[PDB]
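Single chain ahead, by itself, as structure tokens, in the form deposited without the ligand.
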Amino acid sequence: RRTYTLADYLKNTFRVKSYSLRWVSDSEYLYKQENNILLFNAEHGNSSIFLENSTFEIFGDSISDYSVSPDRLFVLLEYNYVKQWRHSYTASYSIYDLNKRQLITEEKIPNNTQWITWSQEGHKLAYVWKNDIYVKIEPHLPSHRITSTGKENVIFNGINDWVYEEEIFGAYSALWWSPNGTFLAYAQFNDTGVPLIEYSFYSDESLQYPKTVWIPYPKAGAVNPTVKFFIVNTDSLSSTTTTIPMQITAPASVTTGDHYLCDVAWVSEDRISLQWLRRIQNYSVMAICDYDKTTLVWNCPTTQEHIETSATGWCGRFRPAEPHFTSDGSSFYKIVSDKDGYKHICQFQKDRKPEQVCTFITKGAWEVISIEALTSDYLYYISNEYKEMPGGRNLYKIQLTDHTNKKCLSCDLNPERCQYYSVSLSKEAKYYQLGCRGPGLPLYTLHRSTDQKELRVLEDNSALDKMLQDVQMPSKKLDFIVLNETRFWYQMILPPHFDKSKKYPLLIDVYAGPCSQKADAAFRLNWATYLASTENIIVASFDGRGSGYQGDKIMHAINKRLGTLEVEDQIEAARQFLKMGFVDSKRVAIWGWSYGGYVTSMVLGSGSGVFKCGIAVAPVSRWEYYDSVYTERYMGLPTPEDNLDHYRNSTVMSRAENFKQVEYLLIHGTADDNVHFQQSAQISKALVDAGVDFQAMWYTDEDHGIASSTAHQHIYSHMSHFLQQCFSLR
């Protein structure tokens, strides 16, 4: 009769296993086991040792990761990992010669590399160090410097600057090997006019004077960084001291004013696809560029230029979706909103066509989440079509020659346990691993593509299952409410022996940022689990307007006016939950992180009287404080000539007064480089001037995630106690 305690969560007592493999070919893959990389044969569980328990310990215990060259002849050993922002980080590397059976020690790789990657085929390497790009045709050979304009916080070659990393690519890398490794493409960013933001860093208590971290960060409407695109010929490095990269210039319909590099996609060795986006993101252009053998230049003729537009809001979910070309690169499939505002797969031709560039291959009031693989005959994708559950994920496949031969491949498998799938096809789709994140304990199984026959179960959390037997776990309900004639899904984490006749305290879990989705069919062992299992609290999330994957009507409802409908709908949802009966109207709370903290705050300050208390963690308090790429995408520019009025109307501090009717807890990280401390500092000041008491908590030297081990435990314990006080429990 034991429950899921706060300790179970914080000390991660119940481990949830998975099966993360690495397809090496169309029929074999790599899997880490007891710190041994093993090569498996899809078809027959037949295994084999690829890399020994050894090797990895030569570098003590700092071996952060590993990367096997595509030709399996070498392995990159990553160690001395040091984080920087969400995806950035520097590390040390060592190449291990599998064949020669030892660590390559000659032409080593710099001891502070910012990024590195194998070519798509051989054993070529491209890495960024000191903001410059370097190439090594062979692990044994000396590196060739590709650029020399690199300069900290100014010129970035092959890596993204702060905003591009966080808001555009969602990765640190800005390198792209062409197939067959002839060319190496890369972006160059110039942060010259971008303003700086700074935060103090206290470090060890032995540091007498705290440091100061400076970061070029463009807030709404500020001067943004600039971009340039290059492609350098790799096959010539051996015969020159320097190679002259050829530049590709963004298309004219984008050059007039501020703009961004959206996405990079190599079609073939002589064709590359680049997507561009204007600062006001309701206009995007995909240019297909071809390599001229004769004049040794790349051309991006307007004839092969494709335009994506939006009159409702912005292009794509967070940016235009990536194209998927056919072998011969004559056509490509890409996810775009159809006439009804639903993100679906449609076909394009290399050359654009006058107002008929697309032919949809998918229709319906549901959306394609992502294209997973494109074969010569089949197109594998993932959607939330099944059972009309937008919060569900299933793998499908369409025959190219016959768009009717559409078949769901995960629907039947385990309709009870599995409704949220992840996939991973082999190099040419002969097999496919399925990742059931579904309602029940996650289940991983690999199948043979031909007939979908499950070859075997890779991982079924039977061990986790056995442990959860002696524990009173809570249940998760995923349903929907209907407002103004529209379905709006929500989810509830119900405490163990949930009795619909009793009354329970309610905690709204929020985010509700544009195109977000808190209500889904995924299994989780988080804080809400403890809150339900041991405190008997109902944790509910609601995907309202501006949310998820249910068409642009719902997602673009927030356009140019954040801090509006998404906030109201979060209140309406609470109202409805009360009408459901099992909720103690006298004990309703709400908490959120980042965007969530913003809404949490906007809600608490609405004076709706519906909530007793709330917790905002690292909240955005006013949009002019947040970065440009993100903010502007939904808010436009904060100028009187555009949307200044809405920027100033959606402030948290402007609602300071209504906080007198609430127990508020504001938490923020001292080193938050994403949502700067300023945001909360501005909130606290507003409340203090209004004479409103509240509780605060700062976390010295913590990131936007406050995820360091001790801080992570500390913040959740603190919030737990805040709720216990608020709900009259402890």
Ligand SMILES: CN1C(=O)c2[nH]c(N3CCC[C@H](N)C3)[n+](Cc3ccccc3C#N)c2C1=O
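Throughout, we count residues from 1 along the sequence that is shown. Take the two forms, find the largest set of C-alpha atoms that superpose within 1.5 Å, and that set is the rigid core.
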| property | result |
| --- | --- |
| Divergent stretch in 5 other deposited structures of this protein, 326 to 334 or 238 to 246 [C-alpha RMS, superposed by the core] | 238 to 246 |
| Of 608 to 616 and 425 to 433, the stretch whose C-alpha atoms average the higher B-factor in the entry | 425 to 433 |
| Per the entry, higher mean C-alpha B factor between 504 to 512 and 448 to 456 | 448 to 456 |
| Top Cα B factor in the deposited entry, candidates 404, 570, 628, 651 | 404 |
| Selection from 661, 54, 695, 684 [criterion: highest C-alpha temperature factor in the record] | 54 |
| Residue 40 - Cα temperature factor, lowest/middle/highest third of chain | highest |
| Residue 89 - which third its CA temperature factor falls in, relative to the rest of the chain | highest |
| Lowest, middle or highest third - CA B-factor, residue 32 | highest |
| Residue 544 CA temperature factor, ranked by third within the chain | lowest |
| For residue 46, the third of its chain into which the C-alpha B factor falls | highest |
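Below, we refer to the form deposited with the ligand bound, which is not included among the displayed structures.
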| query | finding |
| --- | --- |
| Partner-proximal stretch of 647 to 655, 626 to 634, 343 to 351, 233 to 241 relative to the ligand in the bound PDB entry, 4.5 angstroms, heavy atom | 626 to 634 |
| Triple contact flag 166, 594 and 704 to the ligand in the bound PDB entry, non-hydrogen atom at 4.5 angstroms | yes |
| Proximity to the ligand in the bound PDB entry, single hit among 159, 537, 604, 620 (heavy atom within 4.5 Å) | 620 |
| Listed residue (511, 444, 134, 199) with a non-hydrogen atom within 4.5 angstroms of the ligand in the bound PDB entry | 511 |
| Interface membership of residue 69, the ligand in the bound PDB entry, 4.5 Å heavy atom rule | no |
| Partner proximity in the bound PDB entry: residue 674 to the ligand, non-hydrogen atom cutoff 4.5 Å | yes |
| Non-hydrogen atom contact residue 318 with the ligand in the bound PDB entry at 4.5 angstroms | yes |
| Contact label in the bound PDB entry: residue 86 to the ligand, heavy atom within 4.5 Å | yes |
